[PDB]
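Okay, so here's the structure we're looking at.
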Amino acid sequence: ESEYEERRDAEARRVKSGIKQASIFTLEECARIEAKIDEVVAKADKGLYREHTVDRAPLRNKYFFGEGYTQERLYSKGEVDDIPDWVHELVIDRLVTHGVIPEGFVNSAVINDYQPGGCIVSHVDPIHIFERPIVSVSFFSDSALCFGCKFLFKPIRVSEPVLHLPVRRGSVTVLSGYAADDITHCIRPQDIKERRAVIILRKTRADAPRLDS
Ligand SMILES: O=C(O)CCC(=O)C(=O)O
Ligand SMILES: [Mn+2]
């Protein structure tokens with residue numbers, strides 16, 4: 001019934017207005033990047049990174065490069081590891097060549113690695129920390145990015161998405177405007193049925209607040 005359908009669809013159009021998607025990477029180019037992601041996981045497992053580079057959760061690990069953060073604040077310089085050369089060579093440079101982002105934009109790369117059933121709770125990328133657009137490239141498997149969900153308790157549930165955005169393996173997702181600023185996004189446990197990883201590429205604001213030593 002409407003007005004529900006009408007009002008949901010109206011906001012979904014607003015969200016979509018701030019979403020651009022690209023492919024660019026072939027599946028063979030994806031497998032190559034996936035091999036590098038596996039190398040990062042292995043290196044972290046051997047404890048070869050700086051402490052704040054690696055954050056571990058039940059079904060999800062995050063790997064912070066370039067900049068890390070926590071009212072959110074960046075860590076002091078040198079607390080997380082530098083962006084690996086392969087992220088520049090295989091991912092950032094490709095997106096620059098294709099005009100998705102300008103040269104020198106990206107100074108933060110985060111890899112999220114999800115096991116089946118993994119998720120990330122609804123949030124807005126800290127607007128006082130990160131410039132827009134926010135760019136992500138997805139790997140290993142197909143999934144979906146949802147907008148506007150609430151993660152509820154008593155009992156545990158995730159509410160209905162305002163927008164459900166399919167994200168194929170190799171998909172490039174570019175968030176701006178409404179989709180980046182005016183609504184949350186998340187990954188629902190139900191949309192991670194197999195291992196999936198994502199590289200999130202961002203520019204920190206020159207005036208982003210930073211912890212001191
Ligand atoms: O997994 C994704 O595509 C997005 C993850 C995300 O939004 C985040 O890590 O801040
Ligand atoms: Mn996010």
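A short reminder: the numbers here are calculations on the coordinates, not readings from a lab. All Cβ positions, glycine included, derive from the backbone under ideal geometry; neighbour counts span all protein chains shown.
Annotations for the structure displayed:
- Count of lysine pairs in segment 6-82 with Cα separation under 16 Å (8 or more residues apart, or interchain): 4
- Peptide packing for 139-147, 73-81, 8-16, 177-185 was compared via the average number of neighbouring C-beta atoms within 10 Å per residue; ordered from the highest value, the list is 139-147, 177-185, 73-81, 8-16.
- Packing, taken as the mean count of other beta carbons within 10 Å per residue, orders the peptides 39-46, 158-165 from highest to lowest as 158-165, 39-46.
- Computed 3J(HN,Hα) for segment 126-135, one whole-Hz value per residue from the Karplus formula 6.51 cos²θ - 1.76 cosθ + 1.60 where θ = phi - 60°, is x, 6, 8, 9, 10, 5, 10, x, 9, 10, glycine and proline marked x.
- Cα gyration tensor shape for segment 80-187, rounded if a/c is under 1.5, else prolate or oblate: prolate
- For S122, the residues 5 or more places off, or on other chains, whose built amide H falls under 5 Å of its own are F151.
- Couplings 3J(HN,Hα) for segment 27-35, derived from phi with the Karplus relation 6.51 cos²θ - 1.76 cosθ + 1.60 (θ = phi - 60°), are 5, 5, 5, 5, 4, 5, 5, 4, 5 Hz, where x marks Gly and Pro.
- If only the Cβ of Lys and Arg carry +1 and only the Cβ of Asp and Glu carry -1, the dipole of segment 26-142 around its Cα centre is close to 320 debye.
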